[PDB]
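Letter by letter, the chains look like this.
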Amino acid sequence: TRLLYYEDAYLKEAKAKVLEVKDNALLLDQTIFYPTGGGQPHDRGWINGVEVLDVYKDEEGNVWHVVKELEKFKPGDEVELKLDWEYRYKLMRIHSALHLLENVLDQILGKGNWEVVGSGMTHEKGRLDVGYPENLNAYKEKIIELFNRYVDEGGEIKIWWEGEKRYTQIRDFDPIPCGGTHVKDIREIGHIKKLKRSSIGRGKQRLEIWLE
Ligand SMILES: [Zn+2]
Ligand SMILES: [Zn+2]
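Right, let's get into the sheet that holds strand 13 (residues 176–177). The strand order across the open sheet built from 3 strands is 11-12-13, with neighbouring strands paired in antiparallel fashion. Across the chains shown, the open sheet's two edge strands, defined by having one partner strand only, are strand 11 (157–162) and strand 13. In the sheet, strand 12 (residues 165–170) pairs with strand 13 via 2 bridges, with the strands oriented antiparallel. From the neighbouring strand, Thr168 faces strand 13, where its bridge partner is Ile176. Along the sheet, helix 2 (residues 85–109) makes contact with strand 11, strand 12 and strand 13, crossing strand 12 at roughly 65°.

Our focus in this paragraph is the pattern of salt bridges. Here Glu7 and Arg2 are joined by a salt bridge, their closest N and O atoms 2.8 Å apart. Put simply, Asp129 and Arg127 hold a salt bridge, and the shortest N to O gap is 2.9 Å. The structure contains a network of salt bridges with shared partners spanning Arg127, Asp129 and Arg206.

What follows is about the UniProt feature "binding site: Zn(2+) 2" (unreviewed entry) in the protein chain. Here, UniProt's "binding site: Zn(2+) 2" (unreviewed entry) annotation points to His191 and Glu212. Separation in sequence by 22 residues is not matched in space for these annotated residues, since their most distant C-alpha atoms are only 5.8 Å apart. By the secondary structure assignment, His191 is in the loop between strand 13 and strand 14 (192–201). Setting aside residues up to four positions removed in sequence, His191 forms contacts with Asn148, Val151, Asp152, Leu211 and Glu212. Secondary-structure assignment places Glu212 in the segment after strand 15 (204–211).

Conventions we followed
Residues numbered from 1 in each chain as written, not as in the entry; some residues may be left out. Chains lettered and ligands numbered in written order. Heavy atoms only, no water. Residues with missing side-chain atoms left out of burial classes, pairs and counts. Pairing = 2+ DSSP bridges. Helix = DSSP H or I, 4+ residues; strand = E, 2+ residues; numbered from the N terminus. Contact = heavy atoms within 4.5 Å. Axes fitted to C-alpha atoms, helices over the stretch in contact; angles between N-to-C directions. Salt bridge = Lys/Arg side-chain N within 4 Å of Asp/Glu carboxyl O. UniProt positions renumbered as here; feature names shortened; annotations may be inferred.

Pasting the structure below:
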C-alpha cells in the first residue's frame, strides 16, 4: 500500500482506488488511514461517508480498512477518504509529547540511566513506562518545566528512514525510531495539563501525560 500518511501527516482527505474487497474490508492502492502500531491507535474516519471500523496491516504490509456498510464498494471504485481529524491530531500531539518526554528524561536523568519499558497512547492520554529506581515524584516539577519550556521555544520534528525503521528527531535531541504520526513542530504539542507518576513494580514507574 502507498502510505500517504507517512508522506504528509496533515493530509486530511484523499482519493483512492479499491483493489480488493475481502473480509468486510477494503484494500486500497493508497491511504491516509494510519493502521494500529507503535502504541498509536488506528485512525477513525469515513470512506464515501461510511464509518471505518478498523485499520490494520496484513502480514505482507498492506493496509485493510473495515467498513460498516460493505454493500456500496466494489473493486475498481474510486473512493473518497476522510480522516476524523480531531481524533488524528490529538493523537499526533500525544505521540510527539511522548517523544519529547523521553528526550526530557534523557536530559534530566541521563541517557543510559533509565530504560523505556513500554509505551502507548489513547485520545485521552499517553503512557510511558520506565525503568528507574528513584521515585520520579521528586523530579516531576523539573520534568514538566523543561517539557513546557521546549514547547514554548518550539522546534522541528524531522523524519527519515533507515531500512524498515522510521526515525523521528526533535531539534537536535536523540532520535527515536518508531512508526506513527507526529506534529511538524513541538510548539503544537502544547503545555502539560497533568503528568501522573505511579509505581507499577520494583524500579518500574508509569508516567501518564495529558495535554492542555
Ligand atoms: Zn513513537
Ligand atoms: Zn498553556
